[PDB]
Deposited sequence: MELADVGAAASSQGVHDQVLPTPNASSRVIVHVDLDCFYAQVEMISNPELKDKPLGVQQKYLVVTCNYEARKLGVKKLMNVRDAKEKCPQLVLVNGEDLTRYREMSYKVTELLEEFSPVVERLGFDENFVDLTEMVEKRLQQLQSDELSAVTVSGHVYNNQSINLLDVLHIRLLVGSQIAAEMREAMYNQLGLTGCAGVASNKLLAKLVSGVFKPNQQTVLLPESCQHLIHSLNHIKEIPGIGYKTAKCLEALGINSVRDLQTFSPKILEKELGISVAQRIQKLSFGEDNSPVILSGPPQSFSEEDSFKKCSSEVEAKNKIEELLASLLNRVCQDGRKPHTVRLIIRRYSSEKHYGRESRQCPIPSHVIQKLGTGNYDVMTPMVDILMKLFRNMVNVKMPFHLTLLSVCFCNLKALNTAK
């Protein structure tokens, strides 16, 4: 019934770097964060470089790999919002997923375009891009026609993104978010594909690991592996009763639906972010004097970002990670502090954060943090 598109930018961070320094769009490029190559351009993947590879592995496997540092997300974040703002011009309800993916519900727009078409030009309606599984099109099938118009809009989207932002990316068009997202990566990079309904099963069964289904992550997949469940079909087939009584009703019914390619979740308007955070990770921080300096650094950046935003946060959170998950402490931001932008908001915010710090770190007893993070949320 619905016509949903999923847009997915090509090697996002690397693409941004290649644009900032066009002297790089010729070379294999990797974006580095500490010891990780979080992503690389397609010249690099040709040479054996994979996403999230160790710089050691990447170096050895590709000594001519140019590395740029991508620990500061400022520019990626800015381009990211330019992308969704551009998509919002097509339809106001755009849902972000991470920095480089967006869903848009095109069905109202598709409907509008059809109501305007004439008889002799419905003939006549064509696909833009790939048709998944080379499935043949039936122009008399109104579902095929709607999905085809979807593909046309999707191509207008990719064209605008290139023309206005210089950004290249993939699109997937299908009847729900799950399927749009699975199909958008079938032809990469910088291409698009549309999923006709009779090819839905082929798409879901094309997956080789149950983790490949968006919504099934490390923990959930590990549990399923424990239950003898490894293929999509194993999950499709497993006893709903037993599944429920091992993962709970909510998860069980949702992921089991997902395994059939069913996903009724609406595309949601993401809008402005609901939180701003900054982190730094390190081998060791073992003194409060360090912690405070670290935190002042993080807080400085955040205050810059809150500044531009316009809205004001009403709670602060401090996150740590002890040597060998994470722990957090939050509290509301005093009413008087919330009026800042010209004054000196630093010293009182660091005072609050340090109270939070000592609340979860015994400073009289040696400690070994390996991450510090500050988060502003409850924006108003």
| query | finding |
| --- | --- |
| Missing CA stretches, deposited numbering from 1, N-terminus first | 1-26, 351-355, 373-375, 415-420 |
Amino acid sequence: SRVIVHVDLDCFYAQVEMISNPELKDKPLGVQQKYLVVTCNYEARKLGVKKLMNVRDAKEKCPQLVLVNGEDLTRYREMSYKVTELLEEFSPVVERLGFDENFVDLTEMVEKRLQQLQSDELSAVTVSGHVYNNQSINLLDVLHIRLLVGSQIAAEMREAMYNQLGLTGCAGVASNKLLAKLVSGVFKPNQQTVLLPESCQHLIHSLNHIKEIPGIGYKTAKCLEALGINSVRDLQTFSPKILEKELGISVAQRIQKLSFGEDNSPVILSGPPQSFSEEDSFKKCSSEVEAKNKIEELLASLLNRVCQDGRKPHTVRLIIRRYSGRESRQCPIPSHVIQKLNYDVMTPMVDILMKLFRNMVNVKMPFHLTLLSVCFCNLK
From here on, numbers count along this sequence of modelled residues.
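Take the two forms, find the largest set of C-alpha atoms that superpose within 1.5 Å, and that set is the rigid core.
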| query | finding |
| --- | --- |
| Higher-deviation segment by CA RMS in 9 other deposited structures of this protein, core fitted, 284-292 or 185-193 | 284-292 |
| Divergent stretch in 9 other deposited structures of this protein, 168-176 or 113-121 [C-alpha RMS, superposed by the core] | 113-121 |
| Other entries lacking residue 340, at least a third | yes |
| Residue 22 dropped in a third or more of the other entries | no |
| Between 349-357 and 37-45 (mean CA B-factor, as deposited), the higher | 349-357 |
| Per the entry, higher mean C-alpha B factor between 79-87 and 216-224 | 216-224 |
| Which of 309, 108, 278, 234 ranks first by CA B-factor in the deposited coordinates | 309 |
| Given 118, 190, 256, 206, the residue at which the Cα B factor reaches its maximum | 118 |
| CA B-factor placement of residue 17, once the chain's modelled residues are sorted into thirds | middle |
| CA B-factor ranking of residue 247, expressed as a third of its chain | highest |
| Chain third (lowest, middle, highest) by recorded CA B-factor, residue given as residue 113 | middle |
| CA B-factor placement of residue 263, once the chain's modelled residues are sorted into thirds | middle |
| Ranked against its chain, the third holding the CA B-factor of residue 149 | lowest |
